[PDB]
Every structure is written in structure tokens, then in C-alpha cells.
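Cβ sites come from the backbone with ideal geometry, for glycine too, and all protein chains shown count toward neighbours. Values in this text are rule-based calculations from the coordinates and carry no lab data.
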Amino acid sequence: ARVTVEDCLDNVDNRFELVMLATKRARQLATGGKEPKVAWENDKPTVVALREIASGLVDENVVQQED
Amino acid sequence: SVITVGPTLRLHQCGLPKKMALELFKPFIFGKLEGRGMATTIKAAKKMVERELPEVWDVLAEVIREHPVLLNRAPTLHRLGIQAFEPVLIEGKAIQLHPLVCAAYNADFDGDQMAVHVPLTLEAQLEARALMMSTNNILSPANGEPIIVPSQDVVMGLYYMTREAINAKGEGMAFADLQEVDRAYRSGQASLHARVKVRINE
Amino acid sequence: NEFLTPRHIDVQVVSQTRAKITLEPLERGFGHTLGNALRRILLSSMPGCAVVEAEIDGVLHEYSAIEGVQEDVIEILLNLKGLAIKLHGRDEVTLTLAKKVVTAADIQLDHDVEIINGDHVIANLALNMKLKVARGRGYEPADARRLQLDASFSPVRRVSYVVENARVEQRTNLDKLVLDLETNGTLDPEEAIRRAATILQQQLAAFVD
Amino acid sequence: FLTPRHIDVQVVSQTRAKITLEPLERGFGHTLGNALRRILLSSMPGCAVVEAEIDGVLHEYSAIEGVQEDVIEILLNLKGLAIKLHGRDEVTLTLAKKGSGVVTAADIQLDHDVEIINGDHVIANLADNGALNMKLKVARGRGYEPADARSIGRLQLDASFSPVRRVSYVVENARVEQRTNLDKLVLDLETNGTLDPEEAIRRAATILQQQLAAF
Amino acid sequence: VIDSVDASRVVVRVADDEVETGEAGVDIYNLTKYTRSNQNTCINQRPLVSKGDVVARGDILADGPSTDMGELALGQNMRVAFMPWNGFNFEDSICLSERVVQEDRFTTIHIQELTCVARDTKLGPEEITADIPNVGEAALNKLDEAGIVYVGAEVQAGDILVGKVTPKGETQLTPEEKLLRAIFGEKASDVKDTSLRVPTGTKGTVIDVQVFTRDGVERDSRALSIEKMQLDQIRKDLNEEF
Amino acid sequence: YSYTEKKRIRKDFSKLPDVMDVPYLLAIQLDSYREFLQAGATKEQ
Amino acid sequence: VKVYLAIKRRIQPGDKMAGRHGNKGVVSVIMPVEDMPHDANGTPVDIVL
Amino acid sequence: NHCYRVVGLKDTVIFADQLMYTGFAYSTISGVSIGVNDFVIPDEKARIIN
Amino acid sequence: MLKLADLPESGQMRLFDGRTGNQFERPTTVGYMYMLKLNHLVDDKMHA
Amino acid sequence: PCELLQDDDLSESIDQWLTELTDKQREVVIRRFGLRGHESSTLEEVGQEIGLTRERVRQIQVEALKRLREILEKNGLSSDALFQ
Ligand SMILES: [Mg+2]
């Protein structure tokens, strides 16, 4: 249900580059550049951007190609 | 403000008075009234938040749903002094705190005053949800022992539960499962500490 | 006077025998009161049917070991406490078992008796026993009146409730009541708690209107 | 499953009273006793002094020339008044007393819809030169209502419309020649005297019926 | 023997034994009312003796703050228990009931002092005047014609206490301000409004107003209202002892 | 036994007899400043 | 000119209360009269330590 | 410390929160109070001092 | 003194809960304690 | 920062209100007071520009003054709340 930023940090195992991919991803949702693949959970843009990292729908090369 | 213990709060959230959330998040309220279409001029939205109408309390709970705030005591000696929390609107003039995180803050409910901070940019909101969150800094920076260990009051309640009496009411009985053993305790036919024989599923 | 009483309820289902309901708008002096009254009724006064006595052949005591069965004699009595059988024709009936894997569906049943759990297992072979099922009101121990076992007539397994805060712009100080119920598969938790409100209203119905 | 159709009400004093319910089950004898205690304490209809206006003083912190006690002490004595209203809910009372004496609860001009229970309550002690003239306004409320949620010369009082003080209940086995499990519920009630004890159980049973019907 | 007792003063009659030849029964005990203390706390005295009761030397006629019949009463007492109740009393926290706030046991009274001074600017010297420009009709109803709020009003945040005009010059009206003064219809006023107001979050009731006038200046309509009420109380107190 | 004690009596558990009563609690301030004023007018001040 | 204001501050959650033996405390929640533990006679307690 | 290194972190926060609820619920039902009769004095104290 | 007032000399008594209605297992200590109020109001401490 | 943002939104609404109204009623006040940014002109200086009749150009000034007042009340902003 809610965002799980604890287990998502264990997949990449960096906890420092995860917020870098989440910053450029959450900025595209607020400006309206791209539509999120996962359905909206009636939350802010900073929450949906963290759930897409653990699901594997977005990545460093995926977010770079969308811009 | 003055701290206050709250037992009905989750670990990843805290308390916040309505009078403080309206002043700390003042620029955020003006952004939702203009985007919705209620007040086109920023001057008309300022007169609405001061009168505290019923419509302002609707957008105040909407802007504050997943925006974490910072809490820290006046003296800070380690990194656990600054821990981000999720504010929940309460009624009063005190800032509620979780009872389990008081061991890290090194503060007691005897008149201690803690600070508060509000991040603004999008980069700061993602920072308070990855490293400074209350659910991430469980282990102590000195040793591997957790700092969220049950405190004095909750341990006392758990020590009385895990006891063994020589003679008690409902001794020698056999229970099927944990759900069937709890049903007999609430009915009054079984004591809290009595030698029984139950079957578990681990 | 007029109180804040919601006219619509929401039921959240998780499993076939587990549900979760909630009541958001409630007064401050009524959130924990309704939760305490429903918990004492669903666990002390509830019509149901369960086994009470058993007569196994060749077993002189409950601790005396037997042959031909892999499980112990005490393990058989612990498995019979989880049986769900509904009675509609007679108050007390006797069910005889004869098999020498023991499945609850292998028991010879009559037309008046009704069994819902057919996949339940009693014991495992490497059986001559008489089962006695009757009606009751709540949890009856074997001491207060393998001959005597703990009879659990209440179909509800576990009831838990916690009072959380609500969000209402009018009063700004209310609470909600969430209830957790478990059943034995004979009846759904939606109708299980609906009968609890009928029996609770059956006491003070003639006292005041 | 036997339900009591008639409720026995015993009166031991003008305030204290005992209520007994004999035909009750064993499982519901303890549940109905604890459920009726919380309802009879939180929400109960009552009446108390809400607003008072004295022409001698401009604010509540001032004093009156010719009285023995302060104005704040007079406002505290008016809170313990037990007023019973039969008809309308809003009624204005008048008070007038000149000369030496003790102003009691019976000095207020009585009406057809008001009836003060106790008349031994002391409001203030006057002197030879003392003379006060004020108007008392009461209202019908449900629970605690402070002055914040509710010209010059007006005084706002913290009114408390709770007419109950102490409620208790015990469990005793009452045989009915059917089974030894049936027990009675003996519930004692202590109020201020502004309401009858025979109608307090009917009021609490009506509130519990509306909440359970909507369940 | 106590001849007459009141909530404001206590008059006692001196016996013929412990008295001089002339002016025996001359003793006036004036009880002080609520005054602003150094820590912003109320201070009052209440009588505890009735008419017709003989007193001696060293007796207590009236008690002050935190005093009950000569005994020091700092706080109050109530029924107390010792048990952890749902973790509300975690380390030092105290859990309270509703009867402690319903009976008004810990309700205290705070007295705040607000003062205003009329300076002498180098631009233009002006005294205290009630008529001020750029004001609404809501402030005129509460403010008096002299410039002092009535005693007993519910003064809250945003309400003005006194009226003080401040002369100004070289306004340099911007074109954005010229359009505003035309849509209103009112004339331009160069005098600013720098009157004293209540700070945000402060609400109270006026209980007393004191004025001070320098030597040689003319007394306004406010200096004569309080001065007349003070001499009338002294005259009635002197005629009563007479 | 004065008049102010006739309204409220306080029971004391003191078992030792009293030999010297408690003096004035502000005697160190009244007598210290009285020597500074010296209001007594005699031949030898 | 000097004007005086009288503020009647009532007890609210967050206030600091203490005894006479050096036991400081902060009130957390003003609970109703039904949740407080009572005796068999029906006299509930006011302060729980 | 053993739950943190076996299951993970998502289940540790739920386990650490549920302990506070079950610890306070079973402590309010207990009448743990410090009385004067709790400070017992052994009868061997007067023998060692004398 | 407790014997004169027909009170238990142990100073402890079992109290009944108001929410659940069940009696406590261990007896609790009740009484009357003189409490005070300090000048640490939250109106002068809360700021934003 | 809140006072500087208020002056920005208020100034941007003035240029928007003068453009949403009639084109004839807007250019007679932009040259008199200089709200659009042009040089300010008096009654005699602006007479040789649009209309020599000083009485006719004054009647339309009151009509544009009432239209700007009515468009401000229905916009959610109060005149009494602006001065406060
Ligand atoms: Mg501290």
C-alpha cells in the first residue's frame, strides 16, 4: 500500500544514488512531462517516484531516454 | 513547543498542532487555493486562512499527507538527534512524540522543548524519506544494538506477561492453537500466567 | 438530543473466514463503549454447536498411548476442538466413527446433522470412537461439568478492536472504531456481527422505546 | 433469552436512587451494567446557569460596594444550582434583594416552568448598605460547554449541563426457578435532583438503540 | 469588636482598654484589589471574619494570595492513584481527568500591563487624539470619544487601545497608489496610524486604566473621570469613620 | 488559644517539647537596615 | 497611559505540573470521567501517576 | 537485533510497533503499585547491627 | 488512623476499570496528594 | 517575502483588468495616471491627444472607475480587506 523506501534501498544497495534517480523522476511528474506507469495512489509526486524504483519499471537509462 | 507522549501514534509519524501547521505551511496553502480556482488573487487567499473557515481545514489536511517534517532537541550530540517524522494533525498546543524514539533523543517529558523544521524543495522531501526517516535509523551509530528497544514502561508490562506460577487458575489445560488460547483468557476461565500445553505453528 | 450516527458501514474482506469493518464517525464517549460490548457478546453468549464428549475404544486415559496411530492421543483431542458442525434437527446427537488417512468426511452422518469442513483431518494411520456434539452459549471448560474436553460453542474465534482518531471539521474531536473478526467457515463475519446487534437490542427492547 | 419488561425503581433520598433489573442473563448482566454506566455519565440532558448580567459591575473582576464576598465567588456559587425546566428551554430569571440578610436560592422569582430543587444554597452575604439586582439566564445543554465555544456588563460562565455525579452497579444472583445462572443487576444512581431516576434509564436505552440500529 | 466588614475594607472598633484618651476607634483596613504583580499574576485579599466577632492583637482578618485562613495554600489536592494507564504516564507525564478542569481547580488569573507614550517628534508635535484617519466603523464603536477603551470590554487581537496620530511628509505617491485612492473616493491623508494594538495571540478584559499628565498641561476628559471617583471613595470612607 | 485557631485545628505528631519558638523570619533585614537609619534621637548617638 | 488586561488562563494539555517531593510532570491528555479507574463505590480518581 | 538480521527491515518496524501496543494494553490491566508494605525488612538486620 | 476510618491498613485496594469493566489483578495504591502548578504555560512557549 | 509576492500578484491583476475591459475605457485612464507605464498627463495635456472636450473625457473616467470597482468585488477581493 504505502511506499516502501526501506526494501527499495536494499535492491540497489546504494542509498545515495537512489535519491538521484528519484529526483529526476519526481520532477517529470510535477511538470507533466511523463505519465506514471503505476496508478495514482492519491499521494504526492515524491511518493510514487520511490515505488517505481522497487517495481523495476524505471531505471537510470529509462529516465534518461524519457527526457 | 512542549513535548507530550502519545501511545496511539505510529513509529513513522508524529503529532503536530493545528495552530503550528497553519503557520509553518503558510506558503503551501496559497499554492492549493490558486490551483483549485477558489482564490485567483493571493490577497484573497490570505484573508481566508486567517478567518479559519471550514474550507481551509480541508486543504490543510490535503497538503499534509506525506510531507515529512524534522524534529530535534536543543542540544544535539549525535546524528540521532535530528530525525524526520510524518506530521499528523492533532488538537492542542503541544507536539506529540512517539514513546519508543525517546531513548535516542535523550529527552524526558519533564518540560523539554524540541524544535521543528519544514523542508521546501523536492530534493529535501526525498532526503527525509530515505536516510533521516525514523524507520531507517534503528541501529545505534556506536554499536549494533538497536536504540528502539522497549523502554521502562512497556518492558514492565511484558515482564509480567511472561511469568510462570506454581498454582494458578486454568492449569494443566490443553489448547488447540494461539487463537483458541486467547479466547479462553478473555472469557475469564484462564489466568495470565499458568502452566498449560498449547500447539504452535512456526 | 441528536448524536453523530453514520447510516452507512463499510466491510473490508481479506479471506473467507476473516473480515475487517470500521465505523468512522462516532462520538468520544461511544467509540470504546460499542467495542467493549460487542467483544463480550461474541465470546461469552453466542449460539453454536461443538463437540463435548468422546469415547474412544481401547483408551483408558487421555495420556495412555495407543497403537496403529502415528499421532498421540492428546493430539487427537486437540484436533477435534477445531471441528465445525451445525445442528438443526436435534439438540444432542451422537456421531460414530469406524475406520481401521482419517478424514472428517469419512464419518457416517445422518440427514439432520450438517458438516461444513470436509477436508479436515482427524488422525493419520500407521479407529473406533463415539463423538458427542451439542449446543451451548460460549466457551465451556471440561472441569466445570478423553471423556471431557474443552467445548467451544462460540463460532467466533478472535475479536480485536482499537480506537483511532477521526477527521471531522465540525467537532474536530471524534474517533473511529475498527473491528476484527474470525469465523469457523459456518457463517460469514458480516452476518456474524449482525446477529450480535440483534441480541444486544433484544434486552432493552421492552424496557424503553 | 428473557428481557425485563418492567424496570423496578427504588427511591432512598431526593438525589440517591437504586435501579434493579432481575430477569437478565449471566453473559449480559455484566455487559449491560458497564454499557449503561458510560452513557449515563457523558450525555444526559440537564440545565445550568450560562449567562449572568449584573448592573452594578462592568466586568467579573470588579467588586460591589456593600457585599461581603467577591463577584467571582458569586459566579462560582451559581454553578451549583439545580434548575428543572418543564416547558421551554430558554428562560430568564430575576433577582432582587436589599438590606441585611443571606440571599438564598428561594429569593429568585419563581415561574411556572422553573423549579429550583435546593433552597439551602448560599449565594452571597449582604450588608445593611448592600443592594444587588441582576438577571439570570439559563439554557438547556448536553455536555461540557466552556465560555470560548459559546456590549458591556455581561458575564459568561462555564456551564456544565451534566446532572450526574456518581454511578455504580453490582452483580447478584437472582433465582427465577429456571436456572442458577440468571443474575440481577443492581445499579445505584446519584444525581443533583433535577431529573427523575425512572427516566434516566429510558434516556440511556434510547441512545443505545439509535447507535445499534445504524450498525 | 468588628463593627462593619466588606469585600473592600474591614473596619474594627478598638476596645477602651488598649486605646488612648482620644480617637480610640480609628482603624481602617483597606483591602487591595487585583493589581499587576512583577510576574504578571493577580493579587487579591478576601475577608474571613464576620460582624460581631471579637479579635485580639495578632489575629488574621483577611488572607492574601495562596493563603487560606492563615495557612499557606499553594496548590490543591485530589484523588491520586499509582498505575501505568495505557502508557500515558510514560516517564514523567501525568494523566488528568475531566473533573479537575470542570470544577476550575487549576484555573489561574494573569494580569498584563500595556503602556503607551506620546513622544515629541522633530517633524510635528501632537498630543493624544481619538480621531484618526484610515479607520473602520468597527473601531469607532469600541473606542471612546477621548481615546480610551471602556473598562470591561472584551479586547482581543486587532483591537486598538489608544489613538495616537503621527505626522508625516513627502509621501511620494506611486502611480499604483494613485489608482487605489481614486477607486475608493476618499481624500488623501498624510497622517499615519501608529496606535497601540494587542499582540497576536493575546486576549483579555480591561479592568483598569491609569493616565498620567505632566505638570502645566491641560487635563482632558479622561483625567477628570478617575480623579473624581477616587476622591468620592475617600470622602465616603472618611465620613463613615466620622 | 487565639480566635483564628477556633475555625481550623491542625493535629501535630511532634513528640519533642518546644523550648524556643521560631523568631521573626525577616529579622536579618529589618534590624540590619534599622541601624542604617538610626531613628532614635538621644544625647549619645 | 497604562491599560491593564486580565487573562484567565485555563489548564490545557502540555502544562507543567509538579508535586512537593521534586516530581515534575506534563499533562498529556484530559481523559473523560468514564475512562478513569473507579472503586466499587463509584469514586473515580483524578490524577494517575 | 536478531529480528533485524533474519527477516529484514519492513517486518521489524511492524514488530517493534506491535510490542508497544501489547505492552501497554497488558500493563494497564495490572495493578503494579509501590506501597509501604513492599519495602520489606529482613529479620536478620537487627542481628547483624547488634 | 486507617483503622479508625474503617479503611484497609495496607493502604491498597483493587480498582475497577472504566473502559473494559474488568477488575484489576493486583491492588493499587490510592489516596490524596497535594499537587502544584508551575508557571510554564504553553501559550508563551509555542511559536511559529 | 509574502509582502513582495502580494505586490506582484496585485500589479499583474491591474494590467490584466485594464485589458479585459473595453479598449476605449482603458486608454483614457492609462494616459491620465500612467498605470500601463506611459508618461502621466493632466486634464489639459491629455485633451490635445484624444478629445479636446474636457467635460466629455471626464464622464467616461467615472464610467471606467465604476466598471473597475464592480469587476473587483466579483473577483473575490474586497476593498475594505485591501487596506485592513
Ligand atoms: Mg528533561
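Would you mind calculating the relative contact order of the stretch B:155-202 from Cα pairs under 8 angstrom and at least 6 residues apart, reporting the percent as a whole number?
On the way: 55 pairs, mean separation 23.1, N = 48.
This gives 48 percent for the stretch B:155-202.
So for the pair residue C:117, residue G:2, with labels modelled 7 Å out along Cα→Cβ, what separation do we get in nm?
So the two model labels end up 8.4 nm from each other.
Could you give the radius of gyration (one decimal) and Dmax (whole number) of the Cα atoms in chain D, in Å?
Cα radius of gyration and Dmax of chain D are 21.8, 74 Å respectively.
Only residues of the stretch A:47-67 count here: report those whose backbone N is under 12 Å from the spot 7 Å along Cα→Cβ of residue A:10, or say none.
none
Looking at the P(r) of chain E, how many percent of alpha-carbon pairs lie beyond 21 Å?
Details: 21963 of 29161 pairs.
Roughly 75 percent, once rounded to a whole number.
How much mean residue ellipticity at 222 nm does chain D get from its helices, if each DSSP H run of length 4 or more adds -39500 (n - 2.57) and you divide by all residues, to the nearest 500 deg cm²/dmol?
Details: 4 runs with 40 residues, N = 215.
For chain D, the value works out to -5500 deg cm²/dmol.
Provide the per-residue ³J(HN,Hα) series for the stretch D:170-177, in order, calculated from phi with Karplus coefficients 6.51, -1.76, 1.60 and θ = phi - 60°, each as a whole number of Hz, with x at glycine and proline positions.
Result, rounded to whole Hz: 10, 10, 9, 6, 10, 6, 10, 6.
For chain B, modelled as a Gaussian network with Cα springs under 10 Å, which listed residue fluctuates most, B:101, B:154, B:69?
Of B:101, B:154, B:69, the most mobile in the Gaussian network model is B:154.
Please give the residues of the stretch E:99-140, grouped as numeric ranges, whose backbone N is less than 13 Å from a label point set 7 Å along the Cα-to-Cβ vector of residue E:221.
In the stretch E:99-140, the label zone of residue E:221 (backbone N under 13 Å from the point 7 Å along Cα→Cβ) covers E:129-131.
For residue E:189 and residue E:112, FRET efficiency with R0 = 45 Å and r from the beta-carbon atoms, rounded to 0.05? Walk me through the numbers before you get to the answer.
On the way: r = 32 Å, r/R0 = 0.71.
Computed FRET efficiency for residue E:112 and residue E:189: 0.90.
Can you check how the C-alpha radius of gyration of the protein assembly as shown compares to 2.2 N^0.38 Å, as a plain ratio?
Working: Rg = 38.6 Å, N = 1211, 2.2 N^0.38 = 32.7 Å.
Dividing the Cα radius of gyration by 2.2 N^0.38 Å gives 1.18.
Could you tell me, in Å, what Rg and Dmax come out for the Cα atoms of chain B?
Rg then Dmax for chain B, in Å: 23.4, 76.
Where a ≥ b ≥ c are the square roots of the eigenvalues of the C-alpha gyration tensor, would you call chain H rounded, which needs a/c under 1.5, or, failing that, prolate if a/b is larger than b/c, or oblate?
Working: a/c = 8.61, a/b = 2.43, b/c = 3.54.
Oblate, because a/c is 1.5 or more while a/b does not exceed b/c.
Plugging the Kirkwood radius over Cα pairs into Stokes-Einstein for the stretch E:73-168, at a temperature of 25 °C and a viscosity of 0.890 mPa s, what D comes out in µm²/s?
Values: Rh = 18.9 Å.
In µm²/s, the coefficient is 130.
Extending each Cα 7 Å along its Cβ direction at residue B:198 and residue G:40, get the distance between those two points in nm, one decimal.
About 3.2 nm, to one decimal.
Report relative contact order for the stretch E:101-211 in percent, whole number only (criteria: Cα-Cα under 8 Å, sequence separation at least 6). Intermediate values should be presented prior to the final figure.
On the way: 131 pairs, mean separation 33.5, N = 111.
Averaging sequence separation for qualifying contacts and normalising by length gives 30 percent for the stretch E:101-211.
Across every pair of different alpha-carbon atoms, what Kirkwood hydrodynamic radius in Å does the stretch C:48-153 reach? Working shown, then result.
On the way: mean 1/r = 0.0702 Å⁻¹.
Computed over Cα pairs of the stretch C:48-153, the Kirkwood hydrodynamic radius comes out at 14.2 Å.
Just to be sure I understand the curve: with the Debye formula and one point per C-alpha of the stretch C:104-182, what is log10 I(q)/I(0) at q = 0.12, 0.14 Å⁻¹?
These q points yield log10 I(q)/I(0) values of -0.63, -0.75.
How high is the FRET efficiency between residue A:20 and residue D:147 when r is their beta carbon distance and R₀ equals 45 Å, given to the nearest 0.05?
My answer for the efficiency is 0.20.
Pop out the ³J(HN,Hα) list for the stretch D:32-39 in order, Karplus 6.51 cos²θ - 1.76 cosθ + 1.60 with θ = phi - 60°, rounded to Hz; leave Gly and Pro as x.
Listing the rounded values in order: 5, x, 7, 6, 6, 6, 6, 6 Hz.
If you rank C:75, C:140, C:67 by fewest surrounding Cβ atoms within 10 Å, what's the result?
Details: C:75 15, C:140 18, C:67 6.
So the residues, fewest neighbours to most, are C:67, C:75, C:140.
Between chain I and the stretch E:50-98, what is the separation of their alpha carbon centroids in Å?
16
Starting from 0 in steps of 5 Å, tell me what percent of the Cα-Cα pairs of chain F lands in each bin.
5, 12, 11, 14, 16, 10, 10, 9, 8, 4, 1
If you look for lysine pairs in the stretch C:48-153 that are eight or more places apart or on different chains, how many of them have Cα atoms under 15 Å apart?
Numbers: C:81/C:130; C:81/C:132; C:86/C:132; C:99/C:130; C:100/C:130.
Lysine pair count for the stretch C:48-153: 5.
So who's got an amide H within less than 5 Å of the one on residue D:126, skipping anything under 5 residues away but keeping other chains? H placed 1.01 Å off N, in plane.
Under 5 Å from the amide H of residue D:126: D:101, D:103.
Which residue fluctuates most in the GNM of chain B (Cα springs below 10 Å): B:135, B:76, B:162?
Of B:135, B:76, B:162, the Gaussian network model singles out B:162 as fluctuating most.
Can you give me the orientation-averaged projected area of the convex hull built on the Cα atoms of the stretch B:87-202, in nm²? Don't jump to the answer; show the numbers that get you there.
On the way: hull surface 51.3 nm².
Directional mean of the projected Cα hull area for the stretch B:87-202 stands at 12.8 nm².
Which whole-number percentage describes the relative contact order of the stretch B:1-149, with Cα contacts under 8 Å and a sequence gap of 6 or more?
Working: 210 pairs, mean separation 54.5, N = 149.
RCO, the stretch B:1-149: 37 percent.
Under Stokes-Einstein, with the Kirkwood radius over Cα pairs standing in for Rh, what whole-number D in µm²/s applies to the stretch J:16-63 at 10 °C and 1.306 mPa s? Don't skip to the answer; put the middle values down first.
Numbers: Rh = 11.0 Å.
Answer from the Stokes-Einstein relation: 145 µm²/s.
With each pseudo-label sitting 7 Å past Cα toward Cβ, what's the residue E:71-residue H:18 distance in nm, one decimal?
5.5
Hey, can you grab everything whose amide H is under 5 Å from the amide H of residue E:98? Only 5+ residues off in sequence or another chain; H modelled, so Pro and N-termini drop out.
G:33
Please average, across the residues of D:28-40, the number of beta carbons from any other chain that are within 10 Å of each residue's own beta carbon, and give a whole number. The partial results should precede the final answer.
Numbers: counts 10, 1, 5, 11, 5, 1, 12, 9, 2, 6, 13, 4, 1.
Other-chain Cβ atoms within 10 Å of each residue's Cβ, averaged: 6.
Which FRET efficiency, nearest 0.05, do residue E:159 and residue G:10 yield, Cβ-Cβ r, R0 22 Å? Don't skip to the end; give the middle numbers.
On the way: r = 22 Å, r/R0 = 0.98.
Here the calculated transfer efficiency is 0.55.
Take the Cα of residue C:4, step 7 Å along the line toward its Cβ, and report every residue of the stretch C:136-165 whose backbone nitrogen sits under 14 Å from that point.
Answer for this model: C:164-165.
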